[PDB]
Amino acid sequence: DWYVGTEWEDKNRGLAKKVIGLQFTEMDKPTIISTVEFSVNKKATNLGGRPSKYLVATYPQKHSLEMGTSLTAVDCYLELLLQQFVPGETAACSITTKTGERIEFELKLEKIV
C-alpha cells in the first residue's frame, strides 16, 4: 500500500530511514518500445463482450506485454495506461468510450523487461 511515511531500520548498526517523498519521472515508466510484465487483480467491470487478450477466471492474472503489439481497442488503451505506471505500482484504471461506457480494472506493473 503506502510507501511514503514508511520506516526502515538496521537496529544493530544504528541506521534509520523515513520516506518523506516520492517523485517519479518519465525515466521510471515504461516507454513506447518497452516490454513489461504486469498483473490484473480481478475481473474487469463493464468490459462487455469487448475483445481483450488481457482483460476477462482466477486471480491474479499474470501477463507479459510487448508495447506496440496489441490488436484490440481495449488492449491498445491498456498499453497507454501501463506506460504511466512505475514498477511496483497498483492502480485502479478506466477507459471511457465515446458512448460513455466505462471499463474498470485494476493493474499492477511488476517489471520493465
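A residue's number is simply how far along the shown sequence it sits, counting from 1.
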For the neighbouring pair residue 73 and residue 74, the stretch of deposited sequence with no coordinates amounts to none
Going by the entry, of stretches 8 to 16 and 87 to 95 the one with greater average Cα B-factor is 8 to 16
The stretch carrying the higher mean Cα B factor in the deposited entry, 43 to 51 or 78 to 86, is 43 to 51
So, residue 26's CA B-factor, relative to its chain, sits in which third? The highest
Of the three thirds of the chain ranked by Cα temperature factor, residue 56 occupies the highest
